[PDB]
Amino acid sequence: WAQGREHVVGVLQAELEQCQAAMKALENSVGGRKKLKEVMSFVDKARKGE
Amino acid sequence: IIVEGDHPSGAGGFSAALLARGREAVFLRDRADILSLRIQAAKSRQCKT
Numbered sequence: 716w717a718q719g720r721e722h723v724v725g726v727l728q729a730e731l732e733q734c735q736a737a738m739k740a741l742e743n744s745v746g747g748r749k750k751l752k753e754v755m756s757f758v759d760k761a762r763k764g765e
Numbered sequence: 766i767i768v769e770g771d772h773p774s775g776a777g778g779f780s781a782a783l784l785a786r787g788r789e790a791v792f793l794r795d796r797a798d799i800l801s802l803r804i805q806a807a808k809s810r811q812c813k814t
């Protein structure tokens with residue numbers, strides 16, 4: 716169990732760092748953070764019934 | 766910069782409607798500059814004669 720804990724922390728945190736790097740790259744790619752926030756509002760809208 | 770889109774949805778972080786509004790804004794800008802320029806020309810000395 717301890718072995719699994721120590722291995723899980725590293726595997727999970729590596730996956731997180733990949734995620735954050737990809738997010739910031741997405742912002743810089745699309746333009747302003749707020750523009751990607753607007754498209755995020757539209758996608759959240761399509762995700763609800765609105 | 767290039768976009769290669771016939772109807773661009775999101776480029777540089779801007780929505781499809783935002784792009785249309787930006788083009789409309791540029792048209793209005795250019796027409797405003799031309800209009801002011803022609804006003805200054807109509808008030809110019811060269812148009813008095």
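Sequence order for the protein chains is J and M. Position 14 (the first sequence) corresponds to 729 in PDB author numbering; numbering is contiguous. Position 49 (the second sequence) corresponds to 814 in PDB author numbering; numbering is contiguous. A virtual CB, placed ideally from N, CA and C, is assigned to each residue, including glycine.
Residues of chain J with CB under 7 Å from residue i, in chain order?
| i | result |
| --- | --- |
| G770/M | Under the 7 Å cutoff, chain J gives no residues; its nearest Cβ is about 14 Å from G770/M. |
| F779/M | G746 and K750 |
| residue 745/M | Coverage of chain M is limited to positions 766 through 814, which leaves residue 745/M absent and any answer about it impossible. |
Does the Cβ-Cβ distance between residue i and residue j come in under 8 Å?
| i | j | result |
| --- | --- | --- |
| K750/J | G777/M | yes |
| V754/J | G770/M | no |
| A781/M | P773/M | yes |
| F779/M | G746/J | yes |
Using a cut-off of 7 Å between C-beta atoms, extract the partners of residue i located in chain M.
| i | result |
| --- | --- |
| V758/J | The premise fails here: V758/J is roughly 11 Å from chain M at the closest Cβ pair, so nothing lies under 7 Å. |
Jot down the residue ranges of each uninterrupted alpha helix (DSSP H) in the segment 780 to 811 of chain M, minimum 4 residues, whole runs only, in chain order. 781 to 807
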